[PDB]
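The structure under discussion appears below in the form of structure tokens.
Just so it is clear: chains get the letters A, B, ... in the order the sequence lines come, proteins before strands, and each one is counted from 1. For the numbers below, each heavy atom of this structure counts, side chains included, while hydrogens, waters and symmetry mates do not.
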Protein chains: 2
Amino acid sequence: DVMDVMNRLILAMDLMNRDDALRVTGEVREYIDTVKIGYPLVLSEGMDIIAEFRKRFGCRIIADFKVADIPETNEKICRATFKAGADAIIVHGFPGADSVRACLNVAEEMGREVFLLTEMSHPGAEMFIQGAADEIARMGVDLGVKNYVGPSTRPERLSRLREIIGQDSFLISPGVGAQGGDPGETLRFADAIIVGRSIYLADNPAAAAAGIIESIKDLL
Amino acid sequence: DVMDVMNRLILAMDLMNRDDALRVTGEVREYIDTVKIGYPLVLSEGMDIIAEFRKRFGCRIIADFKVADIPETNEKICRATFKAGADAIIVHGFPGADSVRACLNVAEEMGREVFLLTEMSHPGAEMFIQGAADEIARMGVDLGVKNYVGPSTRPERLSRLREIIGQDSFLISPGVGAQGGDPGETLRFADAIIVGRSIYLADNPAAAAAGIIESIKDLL
Ligand SMILES: O=c1cc(O)n([C@@H]2O[C@H](COP(=O)(O)O)[C@@H](O)[C@H]2O)c(=O)[nH]1
Ligand SMILES: O=c1cc(O)n([C@@H]2O[C@H](COP(=O)(O)O)[C@@H](O)[C@H]2O)c(=O)[nH]1
Ligand SMILES: [Cl-]
Ligand SMILES: [Cl-]
Ligand SMILES: [Cl-]
Ligand SMILES: [Mg+2]
């Protein structure tokens with residue numbers, strides 16, 4: 001009972017121009033039915049971009065908003081985001097359980113899903129997030145979180161996060177390609193990989209996506 | 001050399017419809033010249049609301065976006081935010097130094113300021129953020145950050161943050177009113193207080209703002 005991500009591949013659409021974002025997403029549509037839309041695109045083009053993607057493509061939308069406020073503000077952010085048509089939203093765990101619970105409550109009420117971001121993929125994540133991440137994950141499990149995000153760039157950490165959340169939980173993982181993570185190795189632990197620049201900056205994004213999929217063909 | 005906030009009072013405009021947000025801000029305009037605009041309003045009404053506030057009120061705009069992504073994405077968020085006319089942006093320190101530096105770089109390029117959020121005001125902040133907060137503040141100092149955010153709801157923690165950053169740094173503080181923080185006590189340590197619901201949900205927002213100011217009149 002998890003979202004059925006085509007080819008285990010989620011596009012991180014972080015182009016900031018509507019025309020370019022629409023073109024590239026359209027070009028890879030035969031390979032990907034799940035698109036992660038974040039603030040680079042939303043702050044450049046408006047929340048109506050979610051509407052436009054739904055209209056143009058047959059794609060699920062994950063709003064990567066890394067929600068990280070107090071409970072009252074988190075509730076408002078989630079409400080606005082789901083109102084706009086996002087299927088799911090990504091929330092930070094480091095602000096604590098009440099902040100996460102606020103998002104879960106709105107998602108339950110509105111019939112949508114929360115993804116909990118545990119450890120991040122960039123070097124700075126080692127300073128504070130890494131040391132909290134196992135506990136953030138355990139907190140997620142205690143709160144009944146079913147969907148998680150963890151880092152492709154640290155296979156040992158991604159493996160531990162998978163252990164904590166169990167095989168039944170859904171885990172997606174960014175940092176593949178540009179940040180150095182390997183698609184096949186990441187899919188040992190994650191249900192789906194998130195890929196941005198490797199696809200959207202390619203001369204031929206469709207060929208780039210098809211190439212990633214070919215490399216993981218035996219894992220589909 | 002620091003931001004000059006009228007009446008040491010920053011309005012947290014978290015109403016989610018344009019008409020109400022503009023009306024209430026108009027009602028209190030004689031008391032403030034600095035407005036914090038966050039995702040509740042921006043995700044509901046669009047980034048164009050920032051220019052509209054500048055057109056109507058001439059106020060400074062702090063974009064409270066809790067920026068908490070990897071460096072590459074942080075750059076794009078800051079660029080989109082400053083393009084919309086924000087004077088400053090609030091950035092989480094928890095994701096580490098590289099993520100903060102990404103924001104500082106864009107702010108310098110566009111003539112804007114970064115505010116570093118150290119400890120948060122809500123109960124969940126105790127789980128992970130609080131234990132990292134002094135180190136996050138020292139990181140800010142090392143990075144040359146001059147503007148900080150810390151919690152009205154824990155004056156002893158707010159005082160410690162002031163100690164770390166020094167008297168020359170600029171410190172603003174939310175959690176006043178609704179979350180239990182006291183305006184005058186908070187201004188012992190913060191340069192300015194952030195106030196949302198105690199004003200914008202009041203029967204008479206102007207009288208609410210006037211009342212807060214009366215209570216701190218000997219601190220102005
Ligand atoms: O830990 C994380 C969490 C993320 O959401 N992301 C997001 O995943 C995407 C990665 O894109 P890319 O493949 O271009 O590196 C970006 O949208 C980024 O904001 C990440 O890189 N690391
Ligand atoms: O630690 C923090 C950091 C914040 O930015 N905030 C923000 O400050 C505002 C507080 O508003 P209020 O006065 O209604 O509690 C909200 O916009 C909230 O998102 C906070 O409450 N605590
Ligand atoms: Cl709250
Ligand atoms: Cl770093
Ligand atoms: Cl909590
Ligand atoms: Mg007083």
Side-chain angles (χ1 to χ4, degrees), chain A residues 2-12 14 32 34-36 38 62 64-68 88-94 100 113-199 209 212-213 215-220, chain B residues 68-74 94-96 98-99 128:
Chain A
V2 295
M3 59 169 61
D4 187 350
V5 175
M6 181 178 291
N7 290 317
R8 302 181 71 185
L9 178 63
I10 299 171
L11 176 65
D14 298 311
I32 295 173
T34 307
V35 179
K36 187 175 76 62
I62 300 169
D64 182 6
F65 288 177
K66 289 183 186 61
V67 187
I89 194 168
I90 303 176
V91 178
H92 262 297
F94 75 83
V100 177
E113 292 202 275
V114 165
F115 281 68
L116 181 66
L117 174 58
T118 60
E119 185 169 329
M120 291 179 72
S121 63
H122 65 295
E126 292 179 0
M127 292 188 71
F128 305 111
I129 289 172
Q130 182 170 89
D134 287 354
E135 188 175 353
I136 289 165
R138 193 162 76 250
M139 173 191 74
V141 176
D142 191 56
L143 292 175
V145 175
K146 299 184 301 172
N147 308 292
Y148 298 82
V149 185
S152 170
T153 49
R154 299 194 195 93
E156 76 287 3
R157 298 293 306 133
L158 190 67
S159 176
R160 179 65 190 135
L161 293 162
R162 167 57 76 188
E163 288 172 355
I164 291 167
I165 66 178
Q167 302 302 323
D168 291 338
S169 297
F170 191 66
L171 176 59
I172 67 175
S173 183
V176 173
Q179 295 178 57
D182 181 80
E185 288 303 299
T186 304
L187 290 175
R188 288 167 65 188
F189 312 112
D191 292 279
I193 50 174
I194 292 161
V195 180
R197 288 164 284 171
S198 286
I199 290 169
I212 288 163
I213 292 168
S215 76
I216 63 174
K217 184 177 180 58
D218 297 336
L219 309 180
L220 303 176
Chain B
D69 220 299
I70 69 170
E72 287 83 355
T73 296
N74 276 13
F94 208 85
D98 56 355
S99 286
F128 308 111

message: Run the side chain to side chain contact (heavy atoms under 4.5 Å, CB included) test against A/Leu219 and tell me which residues pass, sequence neighbours left out.
response: A/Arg8, A/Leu187, A/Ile216
message: Is there a side-chain contact between A/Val114 and A/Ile89 in this structure, where contact means two heavy atoms from C-beta onward sitting under 4.5 Å apart?
response: yes
query: Considering residues at least two apart in sequence or located in another chain, which fulfil the salt bridge (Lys or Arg N to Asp or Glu O under 4.0 Å) criterion with A/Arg154?
result: A/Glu119, A/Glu126
- request: Could I get the full list of side chain to side chain contact (heavy atoms under 4.5 Å, CB included) partners for B/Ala68, not counting sequence neighbours?
  value: A/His92, B/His92, B/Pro95
Show me the donor-acceptor pairs within less than 3.5 Å that the side chains of residues 167-181 of chain A make with the rest of the protein, sequence neighbours left out.
{"unit_1": "A/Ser169", "atom_1": "OG", "unit_2": "A/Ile165", "atom_2": "O", "d": "2.7"}
{"unit_1": "A/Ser173", "atom_1": "OG", "unit_2": "A/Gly150", "atom_2": "O", "d": "2.7"}
{"unit_1": "A/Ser173", "atom_1": "OG", "unit_2": "A/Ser152", "atom_2": "N", "d": "3.0"}
{"unit_1": "A/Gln179", "atom_1": "OE1", "unit_2": "A/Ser121", "atom_2": "OG", "d": "2.7"}

- line: Output for pair (A/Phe189 CZ, A/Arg160 CZ), nearest 0.5 Å, gives 12.5 Å
query: Can you check whether B/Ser99's main-chain N or O pairs, donor with acceptor, with B/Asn74's side chain at less than 3.5 Å?
result: yes
field: Set of residues satisfying side chain to side chain contact (heavy atoms under 4.5 Å, CB included) with respect to A/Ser215, sequence neighbours excluded
entry: A/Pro183
Output side-chain donor-acceptor pairs under 3.5 Å for residues 131-146 of chain A, partner residues at least two apart or in another chain, one line each.
{"unit_1": "A/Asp134", "atom_1": "OD1", "unit_2": "A/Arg157", "atom_2": "NH1", "d": "3.0"}
{"unit_1": "A/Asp134", "atom_1": "OD1", "unit_2": "A/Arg157", "atom_2": "NH2", "d": "2.8"}

- request: Go through A/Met3 and A/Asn147 one step at a time and tell me if the side-chain contact (heavy atoms from CB on, under 4.5 Å) criterion holds.
  value: CA-CA 10 Å; A/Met3 59 169 61; A/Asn147 308 292; 5.8 Å; no
message: For B/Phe94, give me all partners under ring pair (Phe, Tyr, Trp, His ring centres under 6.0 Å), at least two apart in sequence or on another chain.
response: A/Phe94, A/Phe128
- prompt: What is the distance from atom CG of A/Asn7 to atom OG1 of A/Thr34, rounded to the nearest 0.5 Å?
  reply: 10.0 Å
query: In Å, rounded to the nearest 0.5 Å, how long is the span from CD1 of B/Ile70 to OG1 of A/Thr153?
result: 9.5 Å
query: Just how far is it from atom CD1 of A/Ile62 to atom CD1 of A/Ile10, taken to the nearest 0.5 Å?
result: 4.0 Å
message: Just to verify, what does A/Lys36 make a side chain to side chain donor-acceptor pair (under 3.5 Å) with, not counting sequence neighbours?
response: A/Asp64
field: Reported CG-to-OG1 distance for the pair A/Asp14 and B/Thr73, which is rounded to 0.5 angstrom
entry: 5.0 Å
- request: Mind checking salt bridge (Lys or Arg N to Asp or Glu O under 4.0 Å) for A/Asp191 and listing every partner two or more places apart, or none if nothing turns up?
  value: A/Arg162
field: Side-chain touch A/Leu9/A/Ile193, heavy atoms, less than 4.5 angstrom
entry: yes
query: Residues in ring pair (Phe, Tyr, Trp, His ring centres under 6.0 Å) with A/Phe65, at least two apart?
result: A/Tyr39
field: Heavy-atom pair with the smallest gap, counting every atom of A/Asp182 and A/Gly184
entry: OD2-N, 3.2 Å
- prompt: What distance do A/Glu113 atom CD and A/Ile90 atom CD1 have between them, rounded to the nearest 0.5 Å?
  reply: 12.0 Å
Min side-chain heavy-atom separation A/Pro151-A/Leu161 under 4.5 Å: yes
